[PDB]
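**Student:** Take a look at this one; I'll ask things after.
Protein chains: 2
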Amino acid sequence: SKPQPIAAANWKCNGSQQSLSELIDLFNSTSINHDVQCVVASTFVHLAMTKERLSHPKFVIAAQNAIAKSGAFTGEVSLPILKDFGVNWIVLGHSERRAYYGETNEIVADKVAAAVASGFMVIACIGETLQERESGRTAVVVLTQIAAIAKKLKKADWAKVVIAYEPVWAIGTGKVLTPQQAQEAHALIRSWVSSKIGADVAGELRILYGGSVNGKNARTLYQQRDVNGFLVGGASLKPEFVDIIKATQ
Amino acid sequence: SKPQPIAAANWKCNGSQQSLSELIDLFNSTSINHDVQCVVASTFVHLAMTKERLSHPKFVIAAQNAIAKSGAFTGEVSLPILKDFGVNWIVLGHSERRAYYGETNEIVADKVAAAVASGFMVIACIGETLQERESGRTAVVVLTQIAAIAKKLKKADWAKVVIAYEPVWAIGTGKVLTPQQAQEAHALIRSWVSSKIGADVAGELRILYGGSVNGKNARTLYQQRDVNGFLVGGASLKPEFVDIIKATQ
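In the order they appear, the protein sequences are chains A and A'. A prime marks a further copy of an entry chain.
Quick note on the authors' numbering: the first sequence kicks off at 2 and runs consecutively.
Quick note on the authors' numbering: the second sequence kicks off at 2 and runs consecutively.
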């Protein structure tokens, strides 16, 4: 049987108090009749209002980034600050951070490890560029990214990790992977985890797909054996996010 | 006469709800009997609680960083989000961001300009490294940094700008500038502003000193003719921040 699915909303750098409140009210009103962990990753500014207003028990709130430790890091937010604030889920190594904000495989790996050590559930992101996909190097690239994360974890730590596989070229572009492409990518990640870490870990691991997921394409993607839910960008700011939740069965 | 002084607390990446609440209660209880703009720059996570709890009218709250626009920038916070959230002051181009987080002179300048255009009061940071100071290149370096900011502003925009001069080698190191060094740096910045922008602008501009300011050294620094207050790191997390406020006269 698949492990528990996840439907994660990555709001990215977006939202007004009014527009996020309206969306949160929709989520609070939504009937969810199967076991799925819903996640809302808001900007840091919006965490207070999202914690106060989101009350649907199938939802948890997440941060979109952190640094490992408090200290002289003007502009940044640390894991102890988020932990003190009652935020226990986090997205780390998103493509945008790897591309724009200097996060190498090893930097991502170190953030993931600090977050797991702090007690967080972590959605760790991996995925190849268009050039890498064109060159047929998807597997080596994504397995190198995950091997970097794995290097800094113990086997027991995987109970706290979720992988989001998001091809860079699929993010925000309207180019969604076909169900067969998503399935093969997730399968190859899982096979690596089974072989390098453990079969038990591999079977329990949630591997989520992200990159132009919407209410119309989600259900077909979810039917693939190795897909355990979604990390959703643009569509997570819209009512159709609830159709993506419904798609996780 | 000097323009209105500023005493700005840069909390950096620090604080628990409990420890910041205790400090805010101290600030709320503090008698401030002269005209000084106090600023508290908290992490993004803490803005909600600081807005709710800080009620002393001589204080405003600030963000420690932003990006110009909302959109697909996972982990980041934009100026429209802060504006919607009622935060109207911001620190930009802090040394830590220039050193760790890829902010060039031109990136800082563009953030400053977007923030002024959005309606923010901006504390824009400039300052030279130890090597630059040793080589006698302080003036050219800091004037190059400020010229980059100035390039993206109109003269009328300066009513919204405050400069924080913070030698990199003075930050967190316990190496405070002597009053004469601070005075000459501020004087040379002001002279440049007078000559390149306008004498009126130069006279109204707040130039704050930062780098190991504490309750013991603040009053002597403030007595210098071209010093208009302080950007305070480590000491702003401590009761002695109130002694720095008292020093601005």
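Built from N, CA and C at the ideal position, the CB exists for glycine as well.
What are the start and end residues of the alpha helix (DSSP H) that includes A':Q38?
**Tutor:** In the second sequence, the residue the question calls residue 38 of chain A' occupies position 37. Note, A':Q38: premise wrong, no alpha helix (DSSP H); beta strand (DSSP E) at 38–42.
**Student:** Please list, in chain order, the chain A' residues whose beta carbon lies closer than 7 Å to that of A:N66.
**Tutor:** For the purposes of this step, residue 66 of chain A is taken as residue 65 along the first sequence, with counting starting at 1. Within chain A', the residues near A:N66 are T75, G76.
**Student:** With DSSP collapsed to three states, give me the class of A:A8.
**Tutor:** Here residue 8 of chain A refers to the residue found at position 7 of the first sequence. Three-state result, A:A8: strand.
**Student:** Helix or strand or just coil, what does DSSP make of A:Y102?
**Tutor:** As a position in the first sequence, residue 102 of chain A is number 101, starting the count at 1. Three-state DSSP puts A:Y102 in coil, outside helix and strand.
**Student:** So, does the CB of A':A10 fall closer than 7 Å to a CB anywhere in chain A?
**Tutor:** Translated into positions along the second sequence, residue 10 of chain A' becomes position 9. No, no contact with chain A.
**Student:** Quick check: the Cα distance between A:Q181 and A:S213, rounded to an integer number of angstroms?
**Tutor:** By one-based count along the first sequence, residue 181 of chain A stands at place 180. By one-based count along the first sequence, residue 213 of chain A stands at place 212. If you take the alpha carbons of A:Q181 and A:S213, they lie about 15 Å apart.
**Student:** Measure the alpha-carbon distance for A':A110 versus A':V143 and round it to whole angstroms.
**Tutor:** Position 109 of the second sequence, counting from 1, holds the residue named residue 110 of chain A'. Position 142 of the second sequence, counting from 1, holds the residue named residue 143 of chain A'. Cα to Cα, the separation comes out at about 13 Å.
**Student:** With contact counted as at least three CB pairs below 8 Å, one residue from each stretch, are the segment 84–93 of chain A' and the segment 107–127 of chain A in contact?
**Tutor:** no
**Student:** Can the beta-carbon of A:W159 be found less than 7 Å from the beta-carbon of A:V228?
**Tutor:** Along the first sequence, read from residue 1 onward, the residue named residue 159 of chain A stands at position 158. Along the first sequence, read from residue 1 onward, the residue named residue 228 of chain A stands at position 227. Cβ atoms of A:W159 and A:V228: not closer than 7 Å.
**Student:** Would you mind working out which of A':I150, A':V92, A':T130, A':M122 sits nearest A':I108, comparing C-alpha positions?
**Tutor:** Residue mapping note: residue 108 of chain A' aligns to position 107 of the second sequence, counting from 1. Among A':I150, A':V92, A':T130, A':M122, the Cα nearest to that of A':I108 belongs to A':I150.
**Student:** Identify the contact partners of A:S79 in chain A', using a Cβ-Cβ distance below 7 Å as the criterion.
**Tutor:** The residue given as residue 79 of chain A occupies position 78 in the first sequence. Going along chain A' in sequence order, the residues near A:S79 (Cβ under 7 Å) are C14.
**Student:** Throw me the rounded Cβ distance for the A':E77 and A:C14 pair, which I believe falls under 8 Å.
**Tutor:** Here residue 77 of chain A' refers to the residue found at position 76 of the second sequence. Here residue 14 of chain A refers to the residue found at position 13 of the first sequence. Right, the Cβ-Cβ distance comes to about 5 Å (below 8 Å), so this counts as a contact.
**Student:** A:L232 by DSSP, collapsed to three states: which one?
**Tutor:** Taking the first sequence and counting its residues from 1, one reaches residue 232 of chain A at position 231. DSSP places A:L232 in strand when its eight states are reduced to three.
**Student:** Pick from A:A188, A:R220, A:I198, A:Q224: whose alpha carbon is nearest that of A:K156?
**Tutor:** For this step, residue 156 of chain A is matched to residue 155 along the first sequence. That would be A:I198, whose Cα lies nearest to the Cα of A:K156.
**Student:** Less than 7 Å between CB atoms is the rule here; does A:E241 satisfy it with respect to chain A'?
**Tutor:** On the first sequence, position 240 is the one that residue 241 of chain A refers to. No, A:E241 does not count as interfacial toward chain A'.
**Student:** The alpha helix (DSSP H) with A:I190 in it runs from where to where?
**Tutor:** For this step, residue 190 of chain A is matched to residue 189 along the first sequence. Its alpha helix (DSSP H) spans residues 180–197.
**Student:** Could you name the residues of chain A' that A:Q146 contacts, counting a contact when the two beta carbons are closer than 9 Å?
**Tutor:** On the first sequence, residue 146 of chain A is found 145 positions in, with the first residue counted as 1. Near A:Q146 there are no residues of chain A' at all, since even the closest Cβ is about 16 Å away, more than 9 Å.
**Student:** Under 7 Å between the Cβ atoms of A':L48 and A:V46?
**Tutor:** Taking the first residue of the second sequence as position 1, residue 48 of chain A' is located at position 47. Taking the first residue of the first sequence as position 1, residue 46 of chain A is located at position 45. Against a cut-off of 7 Å, the Cβ pair of A:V46 and A':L48 comes out as a contact.
**Student:** Determine the extent of the alpha helix (DSSP H) in which A:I33 is found, giving its start and end residues.
**Tutor:** Within the first sequence, the letter at position 32 stands for residue 33 of chain A. No alpha helix (DSSP H) holds A:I33; DSSP gives it neither H nor E.
**Student:** Hey, would you say A':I82 sits closer than 7 Å to A':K59, going by beta carbons?
**Tutor:** The count along the second sequence starts at 1 and reaches residue 82 of chain A' at position 81. The count along the second sequence starts at 1 and reaches residue 59 of chain A' at position 58. Taking a C-beta distance under 7 Å as the contact criterion, A':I82 and A':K59 do not qualify as a contact pair.
**Student:** Consult DSSP for A:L83 and reduce its assignment to one of helix, strand or coil.
**Tutor:** Sequence index remark: in the first sequence, residue 83 of chain A carries index 82 (1-based). Under the three-state reduction of DSSP, A:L83 is assigned to helix.
**Student:** Hey, out of A':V141, A':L154, A':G103, A':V92, whose CA is closest to A':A118's CA?
**Tutor:** Along the second sequence, read from residue 1 onward, the residue named residue 118 of chain A' stands at position 117. For the residues A':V141, A':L154, A':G103, A':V92, the minimum Cα distance to A':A118 belongs to A':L154.
**Student:** Taking A:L93 as part of the beta strand (DSSP E), name the residues at either end of that continuous run.
**Tutor:** For this step, residue 93 of chain A is matched to residue 92 along the first sequence. Looking at the DSSP string, the run of the beta strand (DSSP E) that includes A:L93 is 90–93.
**Student:** Any C-beta of chain A' sitting closer than 7 Å to the C-beta of A:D111?
**Tutor:** Residue numbering aside, residue 111 of chain A sits at position 110 when the first sequence is read from its first letter. Chain A' contact via Cβ: absent.
**Student:** Give the residues of chain A in contact with A':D85, contact being defined as C-beta atoms less than 7 Å apart.
**Tutor:** To locate residue 85 of chain A', count along the second sequence from 1; it is residue 84. Result: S17, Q18.
**Student:** Among the candidates A:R207, A:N66, A:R138, whose CA atom is the shortest distance from the CA of A:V163?
**Tutor:** Within the first sequence, the letter at position 162 stands for residue 163 of chain A. Comparing Cα-Cα distances from A:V163 to each of A:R207, A:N66, A:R138, the minimum goes to A:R207.
**Student:** Between residue 257 of chain A and the rest of its own chain, which residues show a CB-CB distance below 8 Å, the 5 nearest in sequence each way excluded?
**Tutor:** Limits of chain A in this structure are 2 at one end and 250 at the other, which puts residue 257 of chain A out of reach.
**Student:** Starting from the C-beta of A:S96, find all residues in its chain whose C-beta is less than 8 Å away, skip the five residues before and the five after it, and write them out in chain order.
**Tutor:** Walking along the first sequence from the start, residue 96 of chain A turns up at place 95. Correct list, in chain order: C126, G128, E167, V169, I172.
**Student:** Is the beta carbon of A:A140 closer than 7 Å to that of A:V92?
**Tutor:** Sequence index remark: in the first sequence, residue 92 of chain A carries index 91 (1-based). Sequence index remark: in the first sequence, residue 140 of chain A carries index 139 (1-based). A distance of 7 Å or more separates the beta carbons of A:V92 and A:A140.
**Student:** What would DSSP say about A':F60, mapped onto helix, strand or coil?
**Tutor:** Residue mapping note: residue 60 of chain A' aligns to position 59 of the second sequence, counting from 1. DSSP places A':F60 in strand when its eight states are reduced to three.
**Student:** Starting from the N-terminal side, write out each stretch of the beta strand (DSSP E) that is 3 residues or longer and does not extend beyond the segment 103–153 of chain A'.
**Tutor:** The qualifying runs are 122–127.
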